[PDB]
Amino acid sequence: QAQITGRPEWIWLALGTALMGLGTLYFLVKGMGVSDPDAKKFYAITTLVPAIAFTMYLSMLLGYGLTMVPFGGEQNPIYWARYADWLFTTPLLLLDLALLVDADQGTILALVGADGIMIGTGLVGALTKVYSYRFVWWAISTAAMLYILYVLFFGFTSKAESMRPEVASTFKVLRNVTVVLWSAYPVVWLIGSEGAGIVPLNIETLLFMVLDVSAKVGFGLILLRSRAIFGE
Ligand SMILES: *C\C=C(C)/C=C/C=C(C)/C=C/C1=C(C)CCCC1(C)C
């Protein structure tokens with residue numbers, strides 16, 4: 001019965017794998033030249049971001065990143081490999097914006113640590129047997145997400161507006177893309193296999209695939225095609 005997997009969403013997973021891989025090879029066979037030590041950081045960060053995602057999408061495709069969790073009434077398919085991906089790649093995406101706005105080490109740590117909680121709490125939620133409690137973890141997770149998005153929006157903007165026109169402009173486009181795509185993740189989870197079965201794992205997988213590529217390759221293509229602070 002149980003929210004069928006290991007087979008339907010294979011195309012979505014495979015397609016995720018393809019885009020993340022090509023996006024990685026792209027950022028690689030583009031960062032060939034690049035002298036500027038500042039620009040060097042952005043290329044490095046933004047190339048690991050989809051490389052993590054490639055590794056993890058492969059595992060889901062090949063089955064390894066799938067597991068079964070007892071909840072609600074049945075044997076529920078869960079892709080923990082998402083959370084393995086998200087754990088590292090999401091802090092890196094924050095580090096891109098931090099570096100771009102030259103944010104204080106204080107905020108950076110507060111940020112990365114908070115992101116740690118947000119995804120880790122997701123990881124606990126996703127695997128919690130007791131149905132009712134999954135939403136306790138979701139609430140904590142989305143609160144931690146909201147905090148991050150707050151400092152990005154109401155914080156990092158002001159600091160950005162004081163940099164260079166290019167920096168303020170570039171940060172803003174990213175900030176927009178970030179706040180939006182981020183806000184979708186807890187909604188997809190809430191309505192998906194993970195939470196309330198409004199939407200099947202099949203669509204949950206597809207939504208997350210489109211969101212993940214957008215939030216990584218799409219994100220990276222805004223960044224690595226602009227003036228990356230002093231550098232290019
Ligand atoms: C793939 C790259 C990005 C930017 C991923 C972002 C992921 C999130 C903001 C995930 C948030 C979650 C929440 C708030 C609650 C359910 C569990 C999630 C981990 C999906």
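As recorded in the entry header, the structure was determined using solution NMR.

Looking up the protein chain in the PDB entry gives the name Bacteriorhodopsin, with the organism given as Halobacterium salinarum. Looking at the header, the entry is titled "NMR structure of the 13-cis-15-syn retinal in dark_adapted bacteriorhodopsin". Recorded in UniProt under Subunit, the annotation for the protein chain is "Homotrimer."

Undergrad: Where do I start with unusual backbone geometry in this structure?
TA: With the exception of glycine, most residues fall at negative phi, and the peptide bonds are largely trans. Positive phi, normally seen in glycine, also occurs at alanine 2, with a value near 25°. Mapped onto the secondary structure, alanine 2 falls in the segment before α1 (10–28). Its identity is not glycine, yet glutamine 3 carries a phi of approximately 30°, on the positive side. Inspection of the secondary structure puts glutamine 3 in the segment before α1. Judged by relative accessible area, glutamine 3 falls into the partly exposed class, the value being 23%.

Undergrad: So what exactly am I meant to see when it comes to empty space enclosed by the protein here?
TA: Any empty space left between the atoms is revealed when a probe the size of a water molecule rolls over them. If you add up the space inside the largest cavity, you get close to 370 Å³. Elements supplying a minimum of two residues to the lining of the largest cavity: α3 (81–101), α4 (105–127), α5 (131–160), α6 (165–191) and α7 (201–223). Taken together, the residues of the lining of the largest cavity break down into 15 nonpolar, seven polar and one charged.

Undergrad: Can you help me understand the site of the ligand in this one?
TA: Contacts to the ligand come from 17 residues, most closely from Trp86, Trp182, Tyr185, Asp212 and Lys216. Here the ligand has 530 Å² of accessible area as a free molecule, and 100% of this is covered by the chains. Placement of the ligand is best described as lying within the largest cavity. Elements represented by at least two residues in the shell around the ligand include exactly α3, α4, α5, α6 and α7.

Undergrad: I tried to follow α7 on my own but got confused; where do I start?
TA: One full turn of an α-helix is made of 3.6 residues, so residues set three or four places apart face in the same direction. Taking 1.5 Å as the rise per residue, α7 with 23 residues should run 33 Å; its terminal C-alpha atoms sit 32 Å apart, in good agreement. Taken as a whole, α7 carries its principal kink of about 30° at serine 214.

Undergrad: Looking at this model, I keep getting lost on the pattern of salt bridges. Mind explaining?
TA: Two side chains of opposite charge can pair, provided their charged atoms sit close to one another. Applying the stated criterion across every chain yields a total of nine salt bridges. For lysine 172, the salt bridge goes to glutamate 161, with nearest N and O atoms at 2.7 Å. Taken as a pair, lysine 172 in helix α6 and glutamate 161 in the loop between α5 and α6 lie far apart in primary sequence, eleven residues in all. The closest approach of N and O atoms between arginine 164 and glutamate 166, which form a salt bridge, is 4.0 Å. On the basis of relative accessible area, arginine 164 is assigned to the partly exposed category, the value being 27%.

Calculation notes
- Residues numbered from 1 in each chain as written, not as in the entry; some residues may be left out.
- Heavy atoms only, no water.
- Residues with missing side-chain atoms left out of burial classes, pairs and counts.
- UniProt positions renumbered as here; feature names shortened; annotations may be inferred.
- Helix = DSSP H or I, 4+ residues; strand = E, 2+ residues; numbered from the N terminus.
- Buried < 20%, exposed > 50% of the residue type's maximum accessible area, 1.4 Å probe, protein only.
- 1 Å grid on protein atoms, 1.4 Å probe; cavity = no way out; pocket = protein on both sides within 12 Å on 5 of 7 lines; lining within 4 Å.
- Points joined across faces, edges and corners; volume = space filled by probe spheres on them.
- Nonpolar A, V, L, I, M, F, W, Y, C, P; charged D, E, K, R; others polar.
- Near = heavy atom within 4 Å.
- Areas by Shrake-Rupley, 256 points an atom, 1.4 Å probe, with all protein chains shown as cover.
- Sits in = over half its atoms within 2 Å of the grid points.
- Expected span 1.5 Å × (residues − 1).
- Bend = angle between axes of the 7 residues up to and from the residue.
- Salt bridge = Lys/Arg side-chain N within 4 Å of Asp/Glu carboxyl O.

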